[PDB]
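*Asks:* What follows is coords_5.cif, made up of mmCIF, N, CA and C atoms and all ligand atoms:
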data_start
loop_
_atom_site.label_atom_id
_atom_site.label_comp_id
_atom_site.auth_asym_id
_atom_site.auth_seq_id
_atom_site.Cartn_x
_atom_site.Cartn_y
_atom_site.Cartn_z
N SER A 1 109.20 84.83 70.63
CA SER A 1 108.86 86.25 70.81
C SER A 1 109.22 86.84 72.19
N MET A 2 108.79 86.20 73.28
CA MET A 2 108.92 86.78 74.64
C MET A 2 110.37 86.79 75.13
N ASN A 3 110.71 87.67 76.07
CA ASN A 3 112.09 87.68 76.61
C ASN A 3 112.22 86.65 77.73
N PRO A 4 113.37 85.97 77.78
CA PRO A 4 113.65 85.07 78.91
C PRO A 4 114.05 85.85 80.14
N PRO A 5 114.02 85.19 81.31
CA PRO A 5 114.68 85.81 82.45
C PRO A 5 116.14 86.10 82.08
N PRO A 6 116.70 87.20 82.59
CA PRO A 6 118.10 87.53 82.31
C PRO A 6 119.03 86.55 83.00
N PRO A 7 120.30 86.51 82.58
CA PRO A 7 121.24 85.65 83.30
C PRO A 7 121.36 86.07 84.75
N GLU A 8 121.59 85.11 85.64
CA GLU A 8 121.70 85.47 87.05
C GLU A 8 122.96 86.27 87.33
N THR A 9 122.83 87.18 88.30
CA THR A 9 123.95 87.99 88.75
C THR A 9 124.21 87.79 90.24
N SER A 10 123.40 86.94 90.86
CA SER A 10 123.48 86.62 92.29
C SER A 10 123.18 85.15 92.47
N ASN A 11 123.96 84.46 93.30
CA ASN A 11 123.73 83.05 93.60
C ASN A 11 124.45 82.72 94.88
N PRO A 12 123.77 82.78 96.02
CA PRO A 12 124.53 82.75 97.27
C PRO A 12 125.35 81.51 97.52
N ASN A 13 124.95 80.36 97.00
CA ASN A 13 125.73 79.16 97.28
C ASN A 13 126.82 78.95 96.25
N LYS A 14 126.90 79.82 95.25
CA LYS A 14 128.01 79.77 94.30
C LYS A 14 129.25 80.34 94.95
N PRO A 15 130.34 79.56 94.99
CA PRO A 15 131.54 80.12 95.60
C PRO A 15 132.13 81.24 94.75
N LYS A 16 132.64 82.26 95.41
CA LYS A 16 133.16 83.38 94.66
C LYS A 16 134.40 83.92 95.32
N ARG A 17 135.15 84.68 94.53
CA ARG A 17 136.34 85.37 95.01
C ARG A 17 136.47 86.74 94.39
N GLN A 18 137.42 87.48 94.95
CA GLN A 18 137.83 88.76 94.41
C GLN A 18 139.34 88.75 94.18
N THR A 19 139.77 88.32 93.00
CA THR A 19 141.19 88.20 92.68
C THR A 19 141.69 89.46 91.97
N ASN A 20 143.00 89.65 91.92
CA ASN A 20 143.54 90.84 91.25
C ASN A 20 143.17 90.82 89.77
N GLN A 21 143.04 89.63 89.19
CA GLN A 21 142.66 89.56 87.78
C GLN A 21 141.21 90.01 87.61
N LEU A 22 140.34 89.61 88.53
CA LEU A 22 138.94 90.02 88.41
C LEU A 22 138.81 91.52 88.65
N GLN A 23 139.65 92.07 89.52
CA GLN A 23 139.64 93.51 89.74
C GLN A 23 140.01 94.25 88.46
N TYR A 24 141.00 93.73 87.74
CA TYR A 24 141.41 94.29 86.46
C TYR A 24 140.30 94.17 85.41
N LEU A 25 139.60 93.04 85.41
CA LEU A 25 138.47 92.86 84.49
C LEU A 25 137.40 93.93 84.71
N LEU A 26 137.21 94.40 85.95
CA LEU A 26 136.24 95.46 86.23
C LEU A 26 136.82 96.85 85.95
N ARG A 27 137.97 97.15 86.54
CA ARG A 27 138.52 98.52 86.53
C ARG A 27 139.10 98.92 85.20
N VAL A 28 139.60 97.94 84.45
CA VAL A 28 140.18 98.20 83.14
C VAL A 28 139.29 97.69 82.00
N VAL A 29 139.00 96.40 81.97
CA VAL A 29 138.36 95.82 80.79
C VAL A 29 136.92 96.29 80.64
N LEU A 30 136.08 96.04 81.64
CA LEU A 30 134.68 96.42 81.54
C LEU A 30 134.55 97.94 81.41
N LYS A 31 135.32 98.68 82.19
CA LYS A 31 135.28 100.14 82.14
C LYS A 31 135.63 100.68 80.75
N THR A 32 136.64 100.10 80.11
CA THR A 32 137.04 100.53 78.78
C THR A 32 135.94 100.28 77.75
N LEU A 33 135.34 99.10 77.78
CA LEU A 33 134.34 98.78 76.78
C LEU A 33 133.05 99.55 77.06
N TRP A 34 132.71 99.70 78.34
CA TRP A 34 131.44 100.32 78.72
C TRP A 34 131.32 101.79 78.25
N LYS A 35 132.44 102.52 78.25
CA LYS A 35 132.44 103.95 77.91
C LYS A 35 132.52 104.21 76.41
N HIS A 36 132.76 103.15 75.64
CA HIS A 36 132.99 103.25 74.20
C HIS A 36 131.72 103.71 73.46
N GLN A 37 131.88 104.49 72.39
CA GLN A 37 130.73 104.98 71.61
C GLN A 37 129.82 103.87 71.09
N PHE A 38 130.36 102.65 70.98
CA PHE A 38 129.62 101.52 70.44
C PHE A 38 129.10 100.56 71.52
N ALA A 39 129.18 100.97 72.78
CA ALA A 39 128.81 100.09 73.89
C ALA A 39 127.32 99.88 74.01
N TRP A 40 126.53 100.89 73.64
CA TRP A 40 125.13 100.87 74.03
C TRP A 40 124.32 99.61 73.66
N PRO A 41 124.54 98.99 72.47
CA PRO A 41 123.72 97.79 72.21
C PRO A 41 124.02 96.64 73.16
N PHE A 42 125.14 96.74 73.87
CA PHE A 42 125.67 95.65 74.66
C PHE A 42 125.57 95.90 76.16
N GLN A 43 124.93 97.00 76.56
CA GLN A 43 124.89 97.40 77.97
C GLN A 43 123.74 96.79 78.77
N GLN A 44 122.95 95.95 78.12
CA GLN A 44 121.83 95.29 78.76
C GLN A 44 121.43 94.09 77.93
N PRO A 45 120.69 93.16 78.54
CA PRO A 45 120.18 92.02 77.76
C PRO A 45 119.40 92.45 76.55
N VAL A 46 119.52 91.66 75.49
CA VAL A 46 118.78 91.92 74.27
C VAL A 46 117.27 91.88 74.52
N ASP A 47 116.60 92.99 74.24
CA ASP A 47 115.14 93.06 74.38
C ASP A 47 114.53 92.67 73.03
N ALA A 48 114.24 91.38 72.89
CA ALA A 48 113.78 90.83 71.61
C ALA A 48 112.41 91.33 71.23
N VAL A 49 111.64 91.76 72.22
CA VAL A 49 110.34 92.35 71.97
C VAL A 49 110.47 93.76 71.39
N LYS A 50 111.13 94.66 72.11
CA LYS A 50 111.28 96.04 71.64
C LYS A 50 112.07 96.13 70.32
N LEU A 51 113.05 95.25 70.12
CA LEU A 51 113.86 95.25 68.91
C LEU A 51 113.19 94.44 67.78
N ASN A 52 112.04 93.83 68.07
CA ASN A 52 111.32 93.03 67.08
C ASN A 52 112.20 91.95 66.47
N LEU A 53 112.77 91.13 67.35
CA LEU A 53 113.63 90.01 66.99
C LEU A 53 113.07 88.74 67.63
N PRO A 54 111.93 88.27 67.13
CA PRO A 54 111.26 87.15 67.80
C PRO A 54 112.00 85.85 67.72
N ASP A 55 112.96 85.73 66.79
CA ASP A 55 113.76 84.53 66.72
C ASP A 55 115.05 84.59 67.53
N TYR A 56 115.31 85.71 68.21
CA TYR A 56 116.62 85.89 68.85
C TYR A 56 116.92 84.81 69.88
N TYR A 57 115.97 84.53 70.77
CA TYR A 57 116.23 83.56 71.83
C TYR A 57 115.85 82.13 71.40
N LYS A 58 115.50 81.96 70.12
CA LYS A 58 115.43 80.63 69.51
C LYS A 58 116.80 80.24 68.98
N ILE A 59 117.58 81.25 68.60
CA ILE A 59 118.92 81.02 68.03
C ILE A 59 119.99 81.11 69.10
N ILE A 60 119.85 82.09 69.99
CA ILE A 60 120.85 82.36 71.04
C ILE A 60 120.42 81.75 72.38
N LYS A 61 121.04 80.63 72.72
CA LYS A 61 120.67 79.88 73.92
C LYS A 61 121.56 80.17 75.14
N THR A 62 122.63 80.95 74.96
CA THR A 62 123.47 81.39 76.06
C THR A 62 123.66 82.89 75.91
N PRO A 63 122.61 83.65 76.20
CA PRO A 63 122.71 85.11 76.06
C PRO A 63 123.67 85.70 77.04
N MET A 64 124.32 86.79 76.67
CA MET A 64 125.20 87.50 77.60
C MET A 64 125.36 88.92 77.12
N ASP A 65 125.57 89.83 78.07
CA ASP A 65 125.64 91.24 77.78
C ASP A 65 126.52 91.90 78.86
N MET A 66 126.98 93.12 78.61
CA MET A 66 127.84 93.80 79.59
C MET A 66 127.11 94.32 80.84
N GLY A 67 125.81 94.53 80.74
CA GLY A 67 125.02 94.88 81.90
C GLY A 67 125.15 93.77 82.91
N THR A 68 124.99 92.55 82.42
CA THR A 68 125.09 91.37 83.25
C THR A 68 126.50 91.20 83.80
N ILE A 69 127.49 91.37 82.93
CA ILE A 69 128.87 91.22 83.35
C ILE A 69 129.21 92.25 84.43
N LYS A 70 128.78 93.50 84.21
CA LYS A 70 129.00 94.61 85.15
C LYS A 70 128.46 94.27 86.55
N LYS A 71 127.23 93.80 86.60
CA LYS A 71 126.62 93.41 87.88
C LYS A 71 127.32 92.21 88.49
N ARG A 72 127.71 91.24 87.66
CA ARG A 72 128.45 90.09 88.18
C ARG A 72 129.78 90.53 88.80
N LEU A 73 130.48 91.45 88.15
CA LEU A 73 131.73 91.93 88.71
C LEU A 73 131.49 92.75 89.97
N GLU A 74 130.50 93.64 89.94
CA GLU A 74 130.20 94.46 91.12
C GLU A 74 129.78 93.59 92.31
N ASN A 75 129.11 92.48 92.01
CA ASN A 75 128.60 91.55 93.03
C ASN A 75 129.58 90.45 93.38
N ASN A 76 130.78 90.52 92.81
CA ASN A 76 131.80 89.50 93.01
C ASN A 76 131.28 88.09 92.76
N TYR A 77 130.54 87.93 91.67
CA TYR A 77 129.86 86.67 91.31
C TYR A 77 130.80 85.56 90.85
N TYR A 78 131.96 85.94 90.33
CA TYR A 78 132.86 84.98 89.73
C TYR A 78 133.82 84.34 90.70
N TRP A 79 134.27 83.13 90.35
CA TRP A 79 135.37 82.48 91.07
C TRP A 79 136.70 82.83 90.46
N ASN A 80 136.75 82.93 89.14
CA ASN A 80 138.00 83.24 88.47
C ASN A 80 137.82 84.08 87.20
N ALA A 81 138.95 84.58 86.69
CA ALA A 81 138.95 85.48 85.54
C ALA A 81 138.41 84.78 84.32
N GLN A 82 138.73 83.50 84.16
CA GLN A 82 138.28 82.77 82.97
C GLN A 82 136.77 82.76 82.82
N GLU A 83 136.05 82.66 83.94
CA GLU A 83 134.58 82.71 83.89
C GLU A 83 134.08 84.02 83.26
N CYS A 84 134.74 85.13 83.61
CA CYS A 84 134.33 86.45 83.15
C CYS A 84 134.74 86.65 81.70
N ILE A 85 135.96 86.21 81.37
CA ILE A 85 136.46 86.23 80.00
C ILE A 85 135.50 85.46 79.11
N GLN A 86 135.03 84.31 79.58
CA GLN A 86 134.07 83.53 78.81
C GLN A 86 132.79 84.29 78.58
N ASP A 87 132.31 85.07 79.56
CA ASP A 87 131.09 85.81 79.35
C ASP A 87 131.26 86.85 78.21
N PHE A 88 132.39 87.56 78.19
CA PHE A 88 132.65 88.52 77.12
C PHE A 88 132.67 87.80 75.78
N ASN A 89 133.37 86.68 75.71
CA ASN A 89 133.47 85.95 74.46
C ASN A 89 132.12 85.42 74.00
N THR A 90 131.27 85.02 74.94
CA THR A 90 129.92 84.58 74.60
C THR A 90 129.12 85.73 73.99
N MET A 91 129.23 86.91 74.60
CA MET A 91 128.54 88.09 74.10
C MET A 91 128.93 88.38 72.65
N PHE A 92 130.23 88.35 72.38
CA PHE A 92 130.69 88.66 71.03
C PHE A 92 130.24 87.58 70.05
N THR A 93 130.40 86.33 70.45
CA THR A 93 130.04 85.21 69.60
C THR A 93 128.55 85.22 69.29
N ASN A 94 127.71 85.49 70.28
CA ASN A 94 126.27 85.59 70.01
C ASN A 94 125.93 86.60 68.91
N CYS A 95 126.61 87.73 68.94
CA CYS A 95 126.41 88.80 67.95
C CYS A 95 126.74 88.29 66.56
N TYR A 96 127.87 87.60 66.44
CA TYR A 96 128.32 87.12 65.15
C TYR A 96 127.43 85.99 64.62
N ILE A 97 126.90 85.17 65.54
CA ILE A 97 126.02 84.07 65.18
C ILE A 97 124.69 84.63 64.66
N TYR A 98 124.15 85.61 65.36
CA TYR A 98 122.81 86.06 65.04
C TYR A 98 122.74 86.97 63.81
N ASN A 99 123.70 87.87 63.67
CA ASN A 99 123.69 88.89 62.63
C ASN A 99 124.53 88.45 61.43
N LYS A 100 124.64 89.27 60.40
CA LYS A 100 125.47 88.90 59.24
C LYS A 100 126.66 89.81 59.10
N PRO A 101 127.72 89.34 58.41
CA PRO A 101 128.94 90.14 58.34
C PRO A 101 128.68 91.53 57.79
N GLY A 102 129.31 92.53 58.38
CA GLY A 102 129.17 93.89 57.92
C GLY A 102 127.96 94.64 58.43
N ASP A 103 127.04 93.95 59.11
CA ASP A 103 125.96 94.66 59.79
C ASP A 103 126.57 95.64 60.77
N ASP A 104 125.88 96.75 61.02
CA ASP A 104 126.37 97.75 61.98
C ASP A 104 126.69 97.10 63.33
N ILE A 105 125.80 96.25 63.84
CA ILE A 105 126.01 95.70 65.16
C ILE A 105 127.28 94.82 65.20
N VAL A 106 127.62 94.20 64.08
CA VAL A 106 128.82 93.37 64.02
C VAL A 106 130.07 94.25 64.02
N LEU A 107 130.07 95.32 63.23
CA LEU A 107 131.17 96.28 63.27
C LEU A 107 131.38 96.82 64.68
N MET A 108 130.28 97.06 65.38
CA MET A 108 130.35 97.56 66.74
C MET A 108 130.97 96.51 67.66
N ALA A 109 130.49 95.27 67.57
CA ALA A 109 131.11 94.18 68.35
C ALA A 109 132.59 93.98 68.02
N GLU A 110 132.96 94.05 66.74
CA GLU A 110 134.35 93.92 66.36
C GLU A 110 135.21 95.00 67.01
N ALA A 111 134.70 96.23 67.10
CA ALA A 111 135.47 97.32 67.68
C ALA A 111 135.69 97.08 69.17
N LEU A 112 134.63 96.69 69.85
CA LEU A 112 134.71 96.39 71.28
C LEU A 112 135.63 95.18 71.52
N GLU A 113 135.52 94.17 70.67
CA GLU A 113 136.30 92.95 70.86
C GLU A 113 137.80 93.22 70.63
N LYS A 114 138.14 94.07 69.66
CA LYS A 114 139.55 94.45 69.48
C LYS A 114 140.11 95.02 70.79
N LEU A 115 139.35 95.92 71.41
CA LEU A 115 139.78 96.54 72.67
C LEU A 115 139.85 95.51 73.77
N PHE A 116 138.84 94.65 73.82
CA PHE A 116 138.84 93.55 74.77
C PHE A 116 140.15 92.74 74.67
N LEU A 117 140.54 92.39 73.44
CA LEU A 117 141.71 91.58 73.23
C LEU A 117 142.97 92.33 73.66
N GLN A 118 143.01 93.63 73.39
CA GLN A 118 144.17 94.43 73.77
C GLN A 118 144.29 94.48 75.29
N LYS A 119 143.17 94.56 75.98
CA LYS A 119 143.25 94.62 77.44
C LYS A 119 143.56 93.25 78.05
N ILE A 120 143.01 92.16 77.52
CA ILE A 120 143.25 90.88 78.21
C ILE A 120 144.67 90.40 77.91
N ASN A 121 145.27 90.95 76.85
CA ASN A 121 146.68 90.68 76.57
C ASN A 121 147.54 91.13 77.73
N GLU A 122 147.07 92.16 78.44
CA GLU A 122 147.80 92.69 79.60
C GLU A 122 147.21 92.28 80.97
N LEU A 123 146.43 91.21 80.97
CA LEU A 123 145.92 90.64 82.20
C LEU A 123 147.06 90.34 83.16
N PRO A 124 146.97 90.82 84.41
CA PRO A 124 148.07 90.60 85.32
C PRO A 124 148.17 89.16 85.80
N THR A 125 149.36 88.76 86.22
CA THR A 125 149.50 87.45 86.82
C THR A 125 148.77 87.47 88.17
N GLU A 126 148.22 86.33 88.55
CA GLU A 126 147.33 86.24 89.71
C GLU A 126 148.05 86.58 91.03
N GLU A 127 147.28 87.07 92.00
CA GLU A 127 147.77 87.52 93.31
C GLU A 127 148.61 88.79 93.22
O1 LIG A 201 122.73 91.12 68.39
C1 LIG A 201 122.58 92.05 69.21
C2 LIG A 201 123.33 92.09 70.48
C3 LIG A 201 122.99 93.48 71.06
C4 LIG A 201 121.82 93.99 70.19
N1 LIG A 201 121.75 93.12 69.06
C5 LIG A 201 120.91 93.37 68.00
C6 LIG A 201 120.86 92.61 66.80
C7 LIG A 201 119.96 92.95 65.77
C8 LIG A 201 119.10 94.06 65.93
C9 LIG A 201 119.12 94.82 67.11
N2 LIG A 201 118.27 95.88 67.22
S1 LIG A 201 118.89 97.43 67.63
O2 LIG A 201 119.75 97.32 69.00
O3 LIG A 201 117.69 98.47 67.80
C10 LIG A 201 119.98 97.85 66.30
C11 LIG A 201 121.29 98.16 66.65
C12 LIG A 201 122.19 98.51 65.66
BR1 LIG A 201 123.87 98.93 66.22
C13 LIG A 201 121.88 98.55 64.30
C14 LIG A 201 120.59 98.22 63.92
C15 LIG A 201 119.65 97.87 64.91
BR2 LIG A 201 117.97 97.47 64.25
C16 LIG A 201 120.04 94.47 68.12
#
Let me see the file written as structure tokens.
Ligand SMILES: O=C1CCCN1c1cccc(NS(=O)(=O)c2cc(Br)ccc2Br)c1
*Replies:*
Amino acid sequence: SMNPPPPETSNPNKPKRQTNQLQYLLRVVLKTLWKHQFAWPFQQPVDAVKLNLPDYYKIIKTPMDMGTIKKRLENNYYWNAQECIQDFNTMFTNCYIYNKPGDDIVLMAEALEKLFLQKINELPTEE
């Protein structure tokens, strides 16, 4: 039933960088998905209490959301692009794991993920 602490967005002893790929992940990828009409369910951690989903964090053991990704990018939390790409993929995968095909939230994730794929196809070469 209860919500877990959200994923961390700050960790001072975690090494981090600001690469051109991570800049693109913020300025292009996150920005594109964030403004989308279907972004809102994904702009913050799942509130299992308010949404009345008491089994959500029994099923989903690696939660992720764009609110978290946004703060991680703004805070330069990542070492490399792959870490951030993995967070997006975790977010999408969690949605598909928890819900059933054709649910509204799945259609919404599919729309965002199509755009995600189109943008990472154009990920720049590093440096
Ligand atoms: O799986 C995820 C990841 C992000 C939110 N989420 C999720 C899954 C199941 C229900 C809800 N509750 S909700 O946000 O009010 C909702 C949203 C939409 Br769109 C359609 C119906 C409902 Br009910 C949320």
*Asks:* Check every protein, DNA and RNA residue against ligand LIG 201 (chain A), keep those with an atom at most 6.5 Å away (counting only N, CA and C atoms and all ligand atoms), and present them as a list in words.
*Replies:*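 Answer in the requested format: residues 41, 42, 46, 51, 94, 95, 98, 99, 104, 105 and 106 of chain A.
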*Asks:* Give me, please, the distance in Å between atom CA of residue A:21 and atom CA of residue A:90, quoted to one decimal.
*Replies:*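 Computing it gives 19.0 Å between the two atoms.
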*Asks:* Please list as a ChimeraX atom specification every residue within 12 Å of residue A:113, counting only C-alpha atoms and excluding residues in the same chain fewer than 6 positions away.
*Replies:* /A:29-30,32-34,36,38-39,42,85,88-93,95-96,106-107,119-120
*Asks:* Given only N, CA and C atoms as the basis, pick out the residue of A:20, A:62, A:9, A:54 nearest to residue A:75.
*Replies:* A:9
*Asks:* Which residue, A:55, A:83, A:110, A:47, has the smallest gap to residue A:1 when you use only C-alpha atoms?
*Replies:*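 Closest to residue A:1 of all the choices is A:55.
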*Asks:* In Å to one decimal, how far is atom CA of residue A:31 from atom CA of residue A:118?
*Replies:* 13.5 Å
*Asks:* Could you please determine the separation between atom CA of residue A:25 and atom CA of residue A:68 in Å, to one decimal place?
*Replies:*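 Atom-to-atom, atom CA of residue A:25 to atom CA of residue A:68, that is 13.5 Å.
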*Asks:* Based on the backbone DSSP call, show me all residues of stretch 7-97 of chain A assigned alpha helix (DSSP H), as number ranges by chain.
*Replies:* A: 20-24, 31-34, 56-59, 66-74, 81-97
*Asks:* Of the residues A:73, A:6, A:11, A:117, which is the one nearest to residue A:26, using only N, CA and C atoms?
*Replies:*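 Closest residue, counting only N, CA and C atoms: A:73.
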*Asks:* Calculated over only N, CA and C atoms, which of the candidates A:57, A:102, A:65, A:121 has the smallest distance to residue A:4?
*Replies:*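 Nearest to residue A:4: A:57.
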